[PDB]
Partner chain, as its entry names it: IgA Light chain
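In the block that follows, a single chain appears as structure tokens, in the form solved without the partner chain.
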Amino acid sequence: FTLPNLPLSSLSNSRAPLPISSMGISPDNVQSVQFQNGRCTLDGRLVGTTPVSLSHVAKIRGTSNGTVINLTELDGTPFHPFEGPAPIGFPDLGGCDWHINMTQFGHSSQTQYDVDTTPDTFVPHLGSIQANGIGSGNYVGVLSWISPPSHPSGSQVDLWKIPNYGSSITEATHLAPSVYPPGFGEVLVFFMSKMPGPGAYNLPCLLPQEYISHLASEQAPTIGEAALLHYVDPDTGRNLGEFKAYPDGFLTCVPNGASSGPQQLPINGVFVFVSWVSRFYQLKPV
């Protein structure tokens, strides 16, 4: 079994096309997460709206009639509700307004599309989102920058969230399931990127995008209960700490206190597969 032999700081977020700038843990008011992009199992099964390639990540495609944008897949193929919560690659950033840069094949210019994901017109699961002033035509859009949610008024930017893909929060949209910390002092490890916009925004994901294409390619036939990893300095070969990767596609570690965890590690290290271990294998704290 292998992970990419590439330093983390050379890789991309899997929730937006942004370089990885650090590792992190979630705030204390965040336990589980339910990201729809950046989801890939260790045997290579893509989950949620996750694409193989960053060229599809945090993008939309569709035709505006001036009132709504009717969505398709990025290549123009129809999207149907049975397929998922939104087309492949659709942004999954809850807890913010989006600003998507819209361009066209065969026309000049770009246009900023401002997206509040809270109203009942925002129903990408049914292939329809409000045009919010975007004129008639076919567009490809990519997330450019974010800002605080328009509703509820005065809400914080909270990128641990996903948007409401359905007409209401009660509508089933075929979300990929939530990921939970597995217990025994282990915390989920997130790969962070700086996101432009009027604040110090940091976007977490479960796996760098290049890990997803690697795992989707490798299609490992021999996944065990947990992969014991070392986070290694490439030059010195020094083991900077023990981590576990779980079959559902996430990493954990045991921090060495609130002041010393994966966020204190250099970001130019490489994760290296050591061996398959028990689900309950007890890690040495970072």
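Positions refer to the first chain, counted from 1.
Beyond what is shown, the protein has a form deposited with the partner chain bound; the following relates to that form.
With the partner left out here, if you bring back the partner chain in the entry with it bound, are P182, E186 and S278 all within 4.5 Å of it by some heavy atom?
The answer is no: none of the three residues contacts the partner (heavy atom, 4.5 Å cut-off).
Any chance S136 has a heavy atom within 4.5 Å of the partner chain in the entry with it bound?
Contact with the partner chain, no.
Could you tell me if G166 has a non-hydrogen atom within 4.5 Å of the partner chain in the entry with it bound?
So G166 counts as contacting the partner chain.
Residue by residue through 132-156, which ones have a non-hydrogen atom no more than 4.5 angstroms from the partner chain in the entry with it bound?
Stretch hits, in order: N132, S150, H151, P152, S153.
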